[PDB]
Protein chains: 2
Amino acid sequence: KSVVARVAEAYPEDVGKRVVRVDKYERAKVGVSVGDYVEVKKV
Amino acid sequence: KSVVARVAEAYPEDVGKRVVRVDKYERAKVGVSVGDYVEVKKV
């Protein structure tokens, strides 16, 4: 399971926190819940 | 190049837009700019 998504800039309060904001549709495609860890690579 | 990050919930206005919010530190680790496409997989 994987998904492709377009990179957008972080919200300022998230900067430095090593989080990725992913909505419920992308999360379902990846098979993750909030709090899980994902690996991110360029397409 | 890749990076691992913790999944957090999307901002409401981003829901359905197939974007992933990634800060400049994670973007540097992946080698992407805002507007590039990334592939996301569970760790």
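Our structure is the block above this text.
Residues numbered from 1 in each chain as written, not as in the entry; some residues may be left out. Chains lettered and ligands numbered in written order. Heavy atoms only, no water.

Q: Can you lay out the overall build of chain A for me, pointing to particular residues and giving the numbers?
A: Secondary structure summary: chain A contains one helix and three strands in total. Scanning chain A from its N terminus toward the C terminus, one meets helices and strands in the order β-β-α-β. Counting all 43 residues of chain A, 40% fall into the buried class. Surface accessibility of chain A: about 2600 Å² in total, with carbon and sulfur atoms responsible for 47%. (Helix = DSSP H or I, 4+ residues; strand = E, 2+ residues; numbered from the N terminus. Buried < 20%, exposed > 50% of the residue type's maximum accessible area, 1.4 Å probe, protein only. Areas by Shrake-Rupley, 256 points an atom, 1.4 Å probe, with all protein chains shown as cover.)

Q: An account of the packing of aromatic side chains is requested, with residue identities and associated values reported.
A: All told, the structure shown has one aromatic pair over all chains when counted by the stated rule. Summarising the aromatic geometry, the rings of A:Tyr11 and B:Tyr11 are spaced 3.5 Å apart at their centres and angled 15° between planes, so their arrangement reads as stacked. Of this pair, A:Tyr11 sits in the loop between β1 (3–9) and β2 (19–22) while B:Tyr11 sits in the loop between β1 (3–9) and β2 (19–22), which puts the two residues in different chains. Residue classification places A:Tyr11 among the partly exposed positions, given a relative accessible area of 31%. (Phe/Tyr/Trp six-rings, centres within 6.5 Å; stacked < 30°, edge-to-face > 60°.)

Q: Tell me what's going on with the side chain of A:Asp23, and back it up with residues and numbers.
A: Position of A:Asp23 relative to the elements: it lies in the loop between β2 and α1 (24–30). Here A:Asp23 is buried and forms no salt bridge, its nearest opposite-charge partner A:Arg27 lying at an N-O distance of 6.2 Å. At 2.8 Å, the side chain of A:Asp23 forms a polar contact with the backbone nitrogen of A:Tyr25. Separated by 3.0 Å, the side chain of A:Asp23 and the backbone nitrogen of A:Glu26 make a polar contact. Those residues in contact with A:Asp23, other than ones at most four positions away along the chain, are B:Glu9, B:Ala10, B:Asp14, B:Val15, B:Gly16, B:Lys17 and B:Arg18. (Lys, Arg positive; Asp, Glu negative; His and termini not counted. Salt bridge = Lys/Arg side-chain N within 4 Å of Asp/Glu carboxyl O. Polar contact = N/O pair within 3.5 Å; in protein donor to acceptor, adjacent residues only side chain to side chain. Contact = heavy atoms within 4.5 Å.)

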